[PDB]
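**Student:** The data below comprise the sequence and an experimental structure of the protein.
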Amino acid sequence: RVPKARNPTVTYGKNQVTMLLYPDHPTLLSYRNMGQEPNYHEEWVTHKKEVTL
Amino acid sequence: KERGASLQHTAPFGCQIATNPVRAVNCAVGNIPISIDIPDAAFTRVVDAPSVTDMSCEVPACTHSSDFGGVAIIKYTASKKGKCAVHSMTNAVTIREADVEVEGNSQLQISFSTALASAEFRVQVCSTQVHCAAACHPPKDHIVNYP
Amino acid sequence: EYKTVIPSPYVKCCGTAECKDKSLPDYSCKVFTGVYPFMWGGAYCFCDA
Amino acid sequence: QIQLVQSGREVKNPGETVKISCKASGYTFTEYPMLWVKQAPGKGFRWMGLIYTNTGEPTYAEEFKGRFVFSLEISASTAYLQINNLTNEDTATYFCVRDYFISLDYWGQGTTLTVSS
Amino acid sequence: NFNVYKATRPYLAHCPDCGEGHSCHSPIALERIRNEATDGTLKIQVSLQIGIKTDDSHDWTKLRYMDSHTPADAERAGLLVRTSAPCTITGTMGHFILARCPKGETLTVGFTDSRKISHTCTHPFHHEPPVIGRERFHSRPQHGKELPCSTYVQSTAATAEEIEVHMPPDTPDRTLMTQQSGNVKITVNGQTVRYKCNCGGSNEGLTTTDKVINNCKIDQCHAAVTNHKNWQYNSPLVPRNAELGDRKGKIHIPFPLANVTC
Amino acid sequence: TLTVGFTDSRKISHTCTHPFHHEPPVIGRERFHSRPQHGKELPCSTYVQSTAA
Amino acid sequence: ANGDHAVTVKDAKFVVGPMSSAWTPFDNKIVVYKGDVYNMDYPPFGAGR
Amino acid sequence: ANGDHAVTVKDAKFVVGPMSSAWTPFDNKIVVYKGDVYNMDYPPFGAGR
Amino acid sequence: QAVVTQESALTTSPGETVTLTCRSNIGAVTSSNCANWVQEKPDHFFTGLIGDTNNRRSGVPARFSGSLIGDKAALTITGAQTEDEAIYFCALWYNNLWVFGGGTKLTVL
Amino acid sequence: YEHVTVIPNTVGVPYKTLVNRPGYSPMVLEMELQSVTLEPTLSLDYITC
Amino acid sequence: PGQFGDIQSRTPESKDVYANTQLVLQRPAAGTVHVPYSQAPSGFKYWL
Ligand SMILES: *[C@@H]1O[C@H](CO)[C@@H](O)[C@H](O)[C@H]1NC(C)=O
């Protein structure tokens, strides 16, 4: 049996998404594009952080 | 301890992967042809279908968003009660409803979706044509969760 | 700092519940279906659905 | 007056089947269960199982979880006992009995089965 | 004073880990943990009562806990609290405990029964006391300077924080029913029982003496104990008595805050 | 490290020590320290308490 | 999804396919382990390291 | 007969293959009956004659 | 296999009280065994006498009663007459199945 | 009476087509796609532990 | 939702309070009686 994380806070801008994260223990974040080129990335999160994509 | 990320997280085109047995699900490439055969008992003769004599069109609102953001009102005169089909004669406009019910002298309402800034299209209802036109405004939200 | 207050749940078997709105800050209500609770002596209520 | 009526005697050969009836009268049939007991010649009684008249689902004892089959006829107020694939060891006397609370009050008149080659 | 605990009783609840990696129902269970102080003192709430006997008298060497359908007595010397290395207990009253602890990632409680059996329960937690001043230090020195901070106070007087008590719900016990030849027997054992069986239509009611139901299996029947004379706290782990609650009284939370120098 | 020991029949103790490296593996995409109350299930393996042949 | 199958529902025949693309995400060699698939060029039999 | 196998006999290692041609005598569709193999274009499923 | 042991026969005189005992070979008899007593008519017919330890069948006269004595189940009959020279049986229920006794014969002289 | 159409390979969007036969009234159909699956052919080489 | 000023009050004696935290209820687990939820943590604690 394994746990699940809590919801983030999302705001919208023109052709971008901004997210705020509230981690409790190390967690993994990854994302990819749909289509011909996926452009994969990956990183670990251990503290409160803000990202823009 | 050093294997890295698997195919489910790196594969292109948005595919999904399961392993018992090994399969790939919902990859978006190409197109599929289809062939269909219809028996003769499913049709209705033209003498039995109702006829429509007078047509008009009026559109009170339009916003060219990714959802169904139009409304239209059509007036008609019908010979007797029955069913009828609706279909668009242009490629830039889609209509949701497939069938309508008609009786006497009344009006019906439909909804549509489009990406054109200035709208001009035709509608067919049981072998008749009508012309509509309007001006449309843009939306205000940036990002949605559906195509 | 702030505090969260949670009262004891209400379980109604062989029926359906409903709740009304209130004016307290950050009020929330929901109703779920398909529950079947257990205690230390056995099941709580006779109906299994 | 409550009375239980069973079938008469019959003589069988190996490989055949025999049907034993038990007629009920004087009480409502669906309110109490029907019980069966077997008494071998020269031996005591043996318990075989009972059937619920309200639902018709039977329960069998360990020694007889085999060819034996129970049945009921609600409209006729009669219970049946069926034994299949008879052998020479199957000769015995059978009775049907009712269960009223924890007590076995009443008894049937009995039926005699004789099997020989 | 202890007069506020006169007509109450303990209860049982759910615990996510009981020592070996499996869940259980235990006489000792955990509520929220409070860490509002700047000195690093913790406050804990549990499901048993410390310092009061089973006849409603005060005795500081005893505690009472809930056995099956009846409370009983036990020793205080078996109470322990540990996260990583062991902690140290500074004061107890009723449902509440004070402790000082090292750093760690878990928390555990336990005690010993009246037949020589132990019980435990474990919850996740994250413990890291704050930093006061411009240096990080590990113990109290002999030559230094004084700066403000805050703590908890060892007092049991009445305060302004309160919690409520309500009427308990029914308890389903299966063991009471037995199976006999074509019949089901319900045993009372001195307590009021509510029953319902689906065989033969329906049969409902209350009883105080032995009773027998005809033409029914052990299944398709239900039993519960439905009369009580005491009040109990309304935990979010226990179902409600009725659509609207019935208040009976309230009790207070000890150990308020204050200013000190450290 | 790892250590084992026991007590004799004259009240004398015995011990023995060996080096070892203990680090349990990681299941899922998060690192956790205890067993939660609300979560998800994933496959895993263990030892069985049976004395059969 | 090829021209070699027909189904009949309510007296109507349907034929689906063939597809217009032959793209697949797998290579010639794959390795499988408890729900995960990787692309890997494993060493030949009898030539380990 | 491909480059992914190695054998060792009396302390010597041999590797054989791959072949220079991909010719095969079978088509896409075949039929088998009690020891004979035929090349045939059988009709679609659900479209008999 | 549990069996119930009963005495071969008992001899009494008119007007006396007759008590019969039975006991299983696997343990003591308790309130949960629901001991049953039935009587065999000389015409090879059977009728029940005592059911569920201490409940007398309806229509059975006041001289019949039963109870448990120590580890043995007992059936006591008062005012014995020559009409009581029948066969009596003892039955016990343990777990899934019943257990039947060996029977006894009553002699009144 | 035969009719041929072409639909793009996208899941969750309905499409419409028109059937027009002289002597009878026109009829309109609607279709929607729910799943597409691909499955390769496999052969085993060796295992490790 | 998660920064300085999520909960505001005009004076320590007042009774009215403003709050802008997120609160979403979630499904209970099978065989358990409990009330799970999800919520943003305090902004005052983070600022310290
Ligand atoms: C001391 O406590 C009082 C209330 O108990 C509070 O108003 C005051 O701010 C505190 N002083 C300091 C220096 O923290």
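**Tutor:** All right, it came through fine. Numbers count the residues shown, from 1 in each chain, chains lettered A, B, ... in the order given.
**Student:** Run through the residues that contact residue 19.
**Tutor:** Because you didn't say which chain, this covers chain A. Residues in contact with residue A:19 (C-beta atoms under 8 Å, 6 or more residues apart in numbering or on different chains) are A:8, A:9, A:10, A:50, A:51, A:53. Every C-beta, even on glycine, is put in place using the N, C-alpha and C of the backbone.
**Student:** wait, chain J
**Tutor:** Counting by C-beta under 8 Å, 6+ apart, residue J:19 touches B:38, J:3, J:26, J:27, J:28, J:29.
**Student:** May I have the beta-bridge partners of it?
**Tutor:** Beta-bridge partners recorded for residue J:19 (DSSP bridges): residue J:27.
**Student:** if I look at it, how far off is chain G?
**Tutor:** Distance, residue J:19 to chain G, by C-beta to the nearest C-beta, to the nearest Å: 12 Å.
**Student:** now do residue A:47
**Tutor:** In terms of C-beta to the nearest C-beta, residue A:47 sits 29 Å off from chain G.
**Student:** same question, residue C:29
**Tutor:** According to C-beta to the nearest C-beta, residue C:29 stands 39 Å off from chain G.
**Student:** same question, residue K:4
**Tutor:** Applying C-beta to the nearest C-beta to residue K:4 and chain G gives a distance of 44 Å.
**Student:** before we move on, the earlier item: quick check: the two most widely separated of the contacts of residue A:19?
**Tutor:** By the measure C-beta to C-beta, A:9 and A:53 form the most distant pair in those, at 14.5 Å.
**Student:** quick one: which of these two has more around it?
**Tutor:** residue A:9 (15 against 9; other C-beta atoms under 10 Å in any protein chain shown).
**Student:** what's the closest non-adjacent residue to that one?
**Tutor:** Of all residues not flanking residue A:9 in the chain, residue A:20 sits nearest, at 4.5 Å (C-beta to C-beta, 6 or more residues apart in numbering or on different chains).
**Student:** The one you found: which element?
**Tutor:** In this structure, residue A:20 sits in strand A:16-21 according to DSSP states H and E.
**Student:** Beyond that strand, next helix or strand please.
**Tutor:** Sequence order places strand A:27-31 as the next helix or strand after strand A:16-21, per DSSP H and E.
**Student:** Report the separation between whatever residue of chain I ends up closest to chain G and chain K.
**Tutor:** Among the residues of chain I, residue I:96 lies closest to chain G, at 45.2 Å counting by C-beta to the nearest C-beta. Counting by C-beta to the nearest C-beta, the separation of residue I:96 from chain K is 31 Å.
**Student:** what's around that residue, how many residues?
**Tutor:** 11.
**Student:** Only the buried residues of stretch E:203-218, if you could.
**Tutor:** Neighbour counts over stretch E:203-218 (16 or more other C-beta atoms under 10 Å in any protein chain shown) mark E:213, E:214, E:215, E:216, E:217 as buried.
**Student:** And stretch B:59-71, by the same measure?
**Tutor:** Using 16+ other C-beta under 10 Å as the test for burial, stretch B:59-71 gives B:59, B:62, B:64, B:65, B:69, B:70.
**Student:** Out of the residues you listed, which sit inside helices?
**Tutor:** Judged by DSSP state H, the buried residues of stretch B:59-71 include no members of helices.
**Student:** how far does stretch E:109-118 stretch from start to finish?
**Tutor:** End-to-end distance of stretch E:109-118 (C-alpha to C-alpha, to the nearest Å): 11 Å.
**Student:** for that stretch, the distance to its chain's centre please.
**Tutor:** Taking the mean of its C-alpha atoms, stretch E:109-118 sits 15 Å from the chain's own mean (C-alpha atoms, centre = their mean, to the nearest Å).
**Student:** Export the contacts of residue A:19 as a markdown table, with columns for distance to residue G:27 and secondary structure.
**Tutor:** As requested, the contacts of residue A:19 are exported to a markdown table (distance: C-beta to C-beta, whole Å; DSSP: H, G, I helix; E, B strand; the rest coil):
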| residue | distance to residue G:27 | secondary structure |
| --- | --- | --- |
| A:8 | 36 | coil |
| A:9 | 41 | strand |
| A:10 | 37 | strand |
| A:50 | 39 | strand |
| A:51 | 33 | strand |
| A:53 | 30 | coil |
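**Student:** what residues are up against the residue most central in space within chain K?
**Tutor:** In chain K, the residue lying closest to the centroid (C-alpha atoms, centre = their mean) is residue K:21, at 4.8 Å. Residue K:21 makes contacts with C:2, C:26, K:1, K:6, K:7, K:39, K:40, as judged by C-beta under 8 Å, 6+ apart.
**Student:** what's the closest non-adjacent residue to it?
**Tutor:** Leaving aside its chain neighbours, residue K:21 sits nearest to residue K:40 (5.3 Å; criterion: C-beta to C-beta, 6+ apart).
**Student:** for residue J:38, same thing?
**Tutor:** residue B:24 (4.8 Å).
**Student:** The residue of chain J found nearest chain A: helix or strand, and which one exactly?
**Tutor:** Nearest to chain A, among the residues of chain J, is residue J:10, at 12.0 Å (C-beta to the nearest C-beta). Taking DSSP H and E as the definition, one finds residue J:10 inside no helix or strand.
**Student:** I figured it hits residue B:30, correct?
**Tutor:** No: in this structure, residue J:10 is not within contact of residue B:30 by C-beta atoms under 8 Å, at 10.4 Å.
**Student:** So what's the residue count around residue E:79?
**Tutor:** When neighbours are counted by other C-beta under 10 Å, residue E:79 registers 19.
**Student:** now do the one 10 residues further on
**Tutor:** Close neighbours of residue E:89, defined as other C-beta under 10 Å, add up to 12.
**Student:** how far away is whichever residue of chain J sits closest to chain E from residue G:33?
**Tutor:** Closest approach between chain J and chain E, counting by C-beta to the nearest C-beta: residue J:49, at 26.5 Å. In this view, residue J:49 and residue G:33 are 11 Å apart by C-beta to C-beta, to the nearest Å.
**Student:** So between those two, which is more surrounded?
**Tutor:** Neighbour count, other C-beta under 10 Å: between residue J:49 and residue G:33, residue G:33 has more, with 10 against 2.
**Student:** ok, now how distant is that one from chain H?
**Tutor:** Separation of residue G:33 from chain H (C-beta to the nearest C-beta): 21 Å.
**Student:** How about the residue nearest to residue E:89 when sequence neighbours are not counted: which residues does it bridge to?
**Tutor:** With sequence-adjacent residues excluded and distances taken as C-beta to C-beta, 6+ apart, residue E:89 is closest to residue E:99, at 5.7 Å. Beta bridges link residue E:99 to residue E:42, residue E:89, judged by DSSP bridges.
**Student:** I'd assumed residue E:92 was in contact with residue E:99.
**Tutor:** No: if you go by C-beta under 8 Å, residue E:99 and residue E:92 don't touch, sitting 9.8 Å apart.
**Student:** Give me the nearest residue to the residue in chain G positioned nearest to chain A, chain neighbours excluded.
**Tutor:** Proximity of chain G to chain A (C-beta to the nearest C-beta) peaks at residue G:23, 10.4 Å away. Nearest residue to residue G:23 in three dimensions, chain neighbours excluded: residue B:29, at 5.4 Å (C-beta to C-beta, 6+ apart).
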